[PDB]
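*Asks:*
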Amino acid sequence: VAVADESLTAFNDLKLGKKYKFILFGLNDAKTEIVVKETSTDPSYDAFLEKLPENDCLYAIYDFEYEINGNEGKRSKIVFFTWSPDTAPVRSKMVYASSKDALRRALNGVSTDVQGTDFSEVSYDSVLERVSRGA
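Just so we're aligned, residue 6 is where the sequence shown starts under the entry's author numbering, counting upward by one.
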């Protein structure tokens, strides 16, 4: 499949202008291109978690900002998620496993990747632990 130019524009605006806090990508009904499905400027991580579908897959980009120790400000890292819940259809899980690289090879500046199979692998403390260390 191909990456819709709009998906690349939405990424450049998050990356270079912090225009969005997170973006959700998915396949078009035709299942031929990867488009944006939802964008948001909500800083609450909970708000992002609430949009993750329990029975379907998606891809997402999150602008993860965390406190950098030493009485120094913050750091921000772009995290790429593959949301693929055990409760999702096998054909969906697979088509999304397939199309992942199309969208992933195209994004430049992603610091860390997360493969969410459930809400524990995508929890705040869990993302923060991966992002903090040698990511």
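No residue lacks a Cβ here, since even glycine has one placed at the ideal position from N, Cα and C.
How about the segment 93 to 104 and the segment 116 to 123: do they share at least three Cβ pairs that are nearer than 8 Å?
*Replies:* Three or more beta-carbon pairs separated by less than 8 Å are not found between the segment 93 to 104 and the segment 116 to 123, which leaves the two stretches without contact.
*Asks:* Just how far apart, CA to CA, sit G22 and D34?
*Replies:* Reading the sequence shown from its first residue, position 17 is the one you call residue 22. Reading the sequence shown from its first residue, position 29 is the one you call residue 34. Approximately 30 Å between the Cα atoms of the pair.
*Asks:* Mark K26 as exposed unless 16 or more other C-beta atoms lie within 10 angstroms of its C-beta, in which case mark it buried.
*Replies:* Start at 1 with the first residue of the sequence shown, and residue 26 comes out as number 21. Counting Cβ neighbours within 10 Å, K26 comes out buried, since at least 16 surround it.
*Asks:* Would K105 and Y64 qualify as a contact pair, given that the criterion is a beta-carbon distance under 8 Å?
*Replies:* The residue labelled residue 105 in the question sits at position 100 within the sequence shown. The residue labelled residue 64 in the question sits at position 59 within the sequence shown. Inclusion of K105 and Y64 in the CB contact set at 8 Å is warranted, their separation being smaller than that value.
*Asks:* Give me the Cβ distance between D51 and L19, rounded to the nearest whole Å; I'm assuming they're in contact under 8 Å.
*Replies:* Numbered from 1 along the sequence shown, position 46 holds the residue referred to as residue 51. Numbered from 1 along the sequence shown, position 14 holds the residue referred to as residue 19. Going by Cβ atoms, the distance from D51 to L19 rounds to 19 Å, so no, they are not a contact pair.
*Asks:* Taking Cβ positions, are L57 and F85 nearer each other than 8 Å?
*Replies:* Numbered from its first residue, the sequence shown carries residue 57 at position 52. Numbered from its first residue, the sequence shown carries residue 85 at position 80. No, Cβ-Cβ distance for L57 and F85 is not below 8 Å.
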